[PDB]
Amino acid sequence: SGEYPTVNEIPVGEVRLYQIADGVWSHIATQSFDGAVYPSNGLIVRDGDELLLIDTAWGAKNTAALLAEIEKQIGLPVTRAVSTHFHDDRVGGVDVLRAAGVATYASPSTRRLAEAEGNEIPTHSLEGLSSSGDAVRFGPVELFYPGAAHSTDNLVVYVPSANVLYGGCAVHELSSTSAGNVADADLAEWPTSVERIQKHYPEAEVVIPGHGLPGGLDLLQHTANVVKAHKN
């Protein structure tokens, strides 16, 4: 009823949306992995009379439910999607999206990693993002490659109309004491990559993590702290 949704308020197999700003929503779903249940976020950005989707809802059935929830709550077509790294919480559901007419995109680095590891593969390559600090425009957002962090390919997304920074899994929520799933991370470079984000988006008003609650700019410094402390 207005609070940011968690696993306790999303009925089994469903997706919830949360209005972040005018024309900007997050999507929240839950999934099980290695015997534990986790929430995960994505983004929806209005693109005229179409919608740009950032990240799947972590699984085929969750992503079908995402499309149905968008039709119920917003009622504009999702025409394009960008996946911000190669893991299943970002690309699992791409096959559903593609069969629903959504054009799916990711960096070439994400596409190679997804293919190599057996995850679903976005159709279209996003060039111009291969060096840290690179940025490109994509409809109503800017895509930014900060450098290796949670994964080597992780991208962040900025909505300039609303000063919304979607950090994806390179950014952790304030309540996290842990650096999350670090299996494919670069803990040594992660602080430097976060510093690049902080430098590039100093006017961000909302910062959304890949999992958990949005907040303000403090999520960036908090992430650097928890990553350094994990490494320690």
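Note that the rigid core is defined as the largest set of C-alphas that superpose within 1.5 Å between two forms. The first residue of the sequence shown is number 1, and the count goes up from there.
Superposing on the core and measuring CA offsets in 8 other deposited structures of this protein, the stretch of 219-227 and 10-18 with the greater mean deviation is 10-18. Per the PDB record, of the two stretches 37-45 and 184-192, 184-192 carries the greater mean B-factor over its C-alpha atoms. Annotation for 93-101 versus 75-83: the higher mean temperature factor (C-alpha) is found in 93-101. The entry assigns its greatest Cα B factor, within the set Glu142, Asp153, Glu117, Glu120, to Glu117. Across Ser176, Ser32, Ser26, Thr63, the entry's maximum B-factor at the CA atom is seen for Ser176. Split the chain's modelled residues into thirds by C-alpha temperature factor. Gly215 is in the lowest one.
When the modelled residues of the chain are ordered by their C-alpha B factor, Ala106 lands in the lowest third. Sort the modelled residues of the chain by CA B factor and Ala162 lands in the highest third.
Annotation for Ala57: C-alpha temperature factor in the lowest third relative to the rest of the modelled chain, per the entry.
In the deposited entry, the Cα temperature factor of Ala68 sits in the middle third of values across the chain's modelled residues.
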